[PDB]
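Structure record follows, encoded as C-alpha cells.
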2 protein chains.
Amino acid sequence: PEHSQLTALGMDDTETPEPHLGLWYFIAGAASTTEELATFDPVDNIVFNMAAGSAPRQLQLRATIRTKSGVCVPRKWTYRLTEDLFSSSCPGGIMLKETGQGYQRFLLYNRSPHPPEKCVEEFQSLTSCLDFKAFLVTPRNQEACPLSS
Amino acid sequence: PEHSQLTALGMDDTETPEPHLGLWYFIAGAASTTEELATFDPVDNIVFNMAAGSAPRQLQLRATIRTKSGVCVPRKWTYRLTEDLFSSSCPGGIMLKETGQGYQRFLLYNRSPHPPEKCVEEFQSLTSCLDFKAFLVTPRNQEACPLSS
Ligand code: NA
Ligand code: NA
C-alpha cells in the first residue's frame, strides 16, 4: 500500500478536541514548485475530519471541497503517517508535511474556517524563508460544503 | 563547470561592509540527513572571505578551517550562484542554501565569531520547524586560523 506521507510538524496544543474529532479547514500550502500546489488552484475551501486508518500508521481525511465555481466535491483520502508558529500566530492550527517520491509540500490547517490573517502571514514568511516560495492561500469566499455525520 | 549551488536566503542588511569585503564565520548547518552535514564534524571553526568568481554568477570562499584536533586547513571553494531571523535574532548574520543534485543544507554565517546564542536557537528552531532536523553548531572553542591578506 503506497500512500502519500504525512508528518505532523507542529500544532496549537491548547485547542480542543483531539485531532481525530471535529472539523478542520484547509488554509494554505507552500512548496518549492507551483506543480506541487496546482491541484488546489480550483479550491475555494475545504472542510474535513481526520480519522485513524483502521490499518496501522494510517490517516484518513474525509473532505468536501468547495470549488471556486461553487460546487461541492466529496473526497476520502488515505495517507501513510511518518514513523512559535502555533504558540501565537496560529491558534487552532496544525502544520503537516506531505511527502512522496519527487515531491514535498507544507500544509496549513485550522479549526476555524477564518483564522487570524497573521497565521497565513507567519506560515508564508516561515516557508518563504527556507526557499519554499510557491505559495497558495485558499480564498475561502464561499460557505463550507456539507460533510457526513 | 558543475559547482555546488548557493542561494542567499536572508541577511542582516544593516551590517557593514558589503558581503564581498571583510571576514565571515561559519556558525551552524541544518539539513534533513546527517550525511548532508557530516563533512563539518571535524570542524572547530571557519574563518572565510567571499569574492565574486571572475567567471559570471560565481562565488569563491577562501577559508581556513580550524580543526577540532587544533590544526588549520586552508581552503578555496567555488560555487555557482542561483539565478524576522536577521531583523533581531542574528545581527551580522547571513543564511545561505547550498544545493546540488541529491542534497540540500542551510548554512548560517556571521560577521562575529561568537554571535548571540539566540541566533543559533532561532535558526535551529526555524529549520527544525520545517523538518530539517539534522543540525550542527560549530563548537568555536579555539582561535580562528590565519587567512591571507
Ligand atoms: Na529569513
Ligand atoms: Na513549528
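Being acidic (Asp, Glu), within 16 Å of ligand 2 (Cβ to nearest atom), surrounded by 13 or more Cβ atoms within 10 Å (Cβ to Cβ) and closer than 22 Å to residue B:122 by Cα is the requirement here; does residue A:122 meet it?
Values: acidic (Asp, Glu): yes; within 16 Å of ligand 2 (Cβ to nearest atom): yes; surrounded by 13 or more Cβ atoms within 10 Å (Cβ to Cβ): yes; closer than 22 Å to residue B:122 by Cα: yes.
When the stated conditions are applied, residue A:122 passes them.
Have a look at A:71, A:120 and point out the one that is among the hydrophobic types (A, V, I, L, M, F, W, C) and under 17 Å from residue A:48 (Cα atoms).
Values: A:120 fails: under 17 Å from residue A:48 (Cα atoms).
Going through A:71, A:120 in turn, the sole match is A:71.
Of all residues in region B:99-135, how many are in contact with a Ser or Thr (Cβ under 8 Å, 6 or more places away or on another chain) and closer than 15 Å to residue B:84 by Cβ?
Of the residues in region B:99-135, 7 are in contact with a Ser or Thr (Cβ under 8 Å, 6 or more places away or on another chain) and closer than 15 Å to residue B:84 by Cβ.
Among the residues in region B:70-82, are any surrounded by fewer than 21 Cβ atoms within 10 Å (Cβ to Cβ) and within 16 Å of ligand 1 (Cβ to nearest atom)?
There is at least one residue in region B:70-82 that is surrounded by fewer than 21 Cβ atoms within 10 Å (Cβ to Cβ) and within 16 Å of ligand 1 (Cβ to nearest atom).
Working only within region B:15-35, note down all residues that are away from chain A (no Cβ under 14 Å) and either in contact with a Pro (Cβ under 8 Å, 6 or more places away or on another chain) or within 16 Å of ligand 2 (Cβ to nearest atom) (or both).
Correct list: B:15, B:25, B:27.
For region A:7-36: of the residues being within 22 Å of residue A:64 (Cβ to Cβ) and surrounded by 20 or more Cβ atoms within 10 Å (Cβ to Cβ), which is nearest to the chain's Cα centre (by Cα)?
Within region A:7-36, the first condition is being within 22 Å of residue A:64 (Cβ to Cβ), and the residues that meet it are A:15, A:17-29.
Restricting the remaining residues to those that are surrounded by 20 or more Cβ atoms within 10 Å (Cβ to Cβ) gives A:24-29.
Details: A:24: 8, A:25: 7, A:26: 4, A:27: 6, A:28: 7, A:29: 7 Å.
Among those that are within 22 Å of residue A:64 (Cβ to Cβ) and surrounded by 20 or more Cβ atoms within 10 Å (Cβ to Cβ), it is A:26.
Of everything in region B:1-38, what is in contact with an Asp or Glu (Cβ under 7 Å, 6 or more places away or on another chain) and within 16 Å of ligand 1 (Cβ to nearest atom)? Give them in sequence order.
Once the filter is applied, which keeps residues that are in contact with an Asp or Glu (Cβ under 7 Å, 6 or more places away or on another chain) and within 16 Å of ligand 1 (Cβ to nearest atom), region B:1-38 yields B:6, B:7, B:9.
Residue by residue through region B:90-103, note down the ones that are under 19 Å from residue B:135 (Cβ atoms), within 16 Å of ligand 1 (Cβ to nearest atom) and surrounded by fewer than 20 Cβ atoms within 10 Å (Cβ to Cβ).
From region B:90-103, those under 19 Å from residue B:135 (Cβ atoms) are B:90, B:93-99, B:103; that's our starting set.
Retained after the next criterion (residues that are within 16 Å of ligand 1 (Cβ to nearest atom)): B:90, B:93-98.
Once the filter is applied, which keeps residues that are under 19 Å from residue B:135 (Cβ atoms), within 16 Å of ligand 1 (Cβ to nearest atom) and surrounded by fewer than 20 Cβ atoms within 10 Å (Cβ to Cβ), region B:90-103 yields B:97, B:98.
Looking at (1) more than 14 Å from every other protein chain (Cβ to nearest Cβ); (2) closer than 23 Å to residue A:120 by Cβ; (3) touching a strand residue (DSSP E or B) at 6+ places or on another chain (Cβ under 6 Å); (4) outside any strand (DSSP E or B), which is the one condition that is false for residue A:86?
If we test residue A:86 against (1) more than 14 Å from every other protein chain (Cβ to nearest Cβ); (2) closer than 23 Å to residue A:120 by Cβ; (3) touching a strand residue (DSSP E or B) at 6+ places or on another chain (Cβ under 6 Å); (4) outside any strand (DSSP E or B), just (1) comes out false.
Hey, does region A:114-133 have a residue that's within 13 Å of another protein chain (Cβ to nearest Cβ), of a type in the set (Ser, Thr, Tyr), within 16 Å of ligand 1 (Cβ to nearest atom) and touching a strand residue (DSSP E or B) at 6+ places or on another chain (Cβ under 6 Å)?
The answer is yes; a qualifying residue exists.
For region B:85-107, which residues satisfy the criterion of being within 16 Å of ligand 2 (Cβ to nearest atom) and under 14 Å from residue B:8 (Cα atoms)?
B:85, B:106
Restricting attention to region A:100-107, does a residue exist that is outside any helix (DSSP H, G or I) and within 11 Å of another protein chain (Cβ to nearest Cβ)?
Kept after step one, since they are outside any helix (DSSP H, G or I), are these residues of region A:100-107: A:100-107.
Now restrict to residues that are within 11 Å of another protein chain (Cβ to nearest Cβ): A:104, A:106.
Checking region A:100-107: at least one residue is outside any helix (DSSP H, G or I) and within 11 Å of another protein chain (Cβ to nearest Cβ).
If a residue has to be outside any loop (DSSP other than H, G, I, E, B) and on the phi > 0 side of the Ramachandran plot to count, how many in region B:135-149 make the cut? Write out each step before concluding.
Of all residues in region B:135-149, those outside any loop (DSSP other than H, G, I, E, B) come to B:135-137.
Filter once more, so that each one left must be on the phi > 0 side of the Ramachandran plot: none.
Number satisfying all stated conditions: 0.
All of the numbers you see were taken from the coordinates with simple rules; none came from a lab. Because the Cβ atoms are built from the backbone with ideal geometry, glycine has one as well, and the counts that use them run over all protein chains shown.
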